[PDB]
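See structure below.
Number of protein chains: 2
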Amino acid sequence: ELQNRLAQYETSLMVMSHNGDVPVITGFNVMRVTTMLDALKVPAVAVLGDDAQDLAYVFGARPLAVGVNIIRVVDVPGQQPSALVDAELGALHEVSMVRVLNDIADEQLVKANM
Amino acid sequence: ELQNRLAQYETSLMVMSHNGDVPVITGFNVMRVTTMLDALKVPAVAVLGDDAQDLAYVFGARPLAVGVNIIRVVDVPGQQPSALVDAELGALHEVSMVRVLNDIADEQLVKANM
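In order, the protein sequence lines correspond to chains A and B. The first sequence runs 14 to 55, 58 to 129 under full-length UniProt numbering. The second sequence runs 14 to 55, 58 to 129 under full-length UniProt numbering.
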């Protein structure tokens, strides 16, 4: 249900496979990174491209070393996925950014209506 | 020479292989961790034991994903190394904590003498 969805967005780091200029995403700090300190530094969307080969590997193969839940996002308008990152993150379930944004926007209407 | 040594201590995270209660180390925040967020959270000595199998692996095999220099320390009084962590961090050169402390203490005498 929605509350639980938002609760998990709230405490996770979104991760986006993408090479090229970074997108603007409503309500999210967006930032290209290649290390966890930079990721742990940025609601945020950490953008990973080919140059983040090692970090992608860690997120995909050594999840418990991170210390924060990672959510792999797709369907970001303009997204140009890195095949390397996608492969590295294969064990992570792709979540649509559109659905994420929808939920947050919808909950905001609720909040504005109180 | 000493200044360069201290400069690198200053900007690195010390990592200690050890199972058991954590030590007290003069001038250092000491803390057992198993994830990078907790490590990146702690001058600090991050203590890794068997339960930090994945994080140790990352430090030892995917250094570039970390975002901060890691210095593997040994000769900490009372240290009881984890064979797993030691193996995982094998590519990291063991540095004696005694030498590290010596340097910092010696530089402090200099500073106190000005």
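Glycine included, every Cβ here is placed at the ideal spot set by N, Cα and C.
| Asked | Found |
| --- | --- |
| Which residues does DSSP pair with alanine 59/B in a beta bridge? | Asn42/B |
| Figure out for me which residue from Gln94/B, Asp66/B and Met44/B has the closest Cα to the Cα of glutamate 103/B. | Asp66/B |
| How many whole angstroms separate the CB atoms of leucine 63/A and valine 46/A, which I take to be in contact at a CB cut-off of 8 Å? | 7 Å |
| Look up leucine 26/A in the DSSP assignment and say whether it is helix, strand or coil. | strand |
| Does the distance from the C-beta atom of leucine 107/B to that of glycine 75/B stay below 9 Å? | yes |
| Once the 5 residues before and after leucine 15/A are set aside, which same chain residues still bring their CB inside 7 Å of it? | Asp118 and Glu122 |
| Measuring CA to CA, which of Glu23/B, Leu99/B and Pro58/B is closest to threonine 39/B? | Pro58/B |
| Rounded to whole angstroms, what is the Cα-Cα separation between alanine 61/A and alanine 61/B? | 25 Å |
| If contact means a Cβ-Cβ distance below 7 Å, which residues of the stretch 75-97 of chain A contact chain B? | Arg77, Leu79, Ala80, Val81, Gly82 and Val83 |
| Between which two residues does the alpha helix (DSSP H) holding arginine 87/A run? | That residue, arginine 87/A, is in no alpha helix (DSSP H); its beta strand (DSSP E) goes 84-89. |
| From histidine 31/A to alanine 71/A, what does the alpha carbon distance come to, in whole angstroms? | 11 Å |
| Report all residues from its chain with a CB closer than 8 Å to the CB of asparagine 84/B; omit the five preceding and five following residues, and keep chain order. | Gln21, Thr24, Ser25 and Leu26 |
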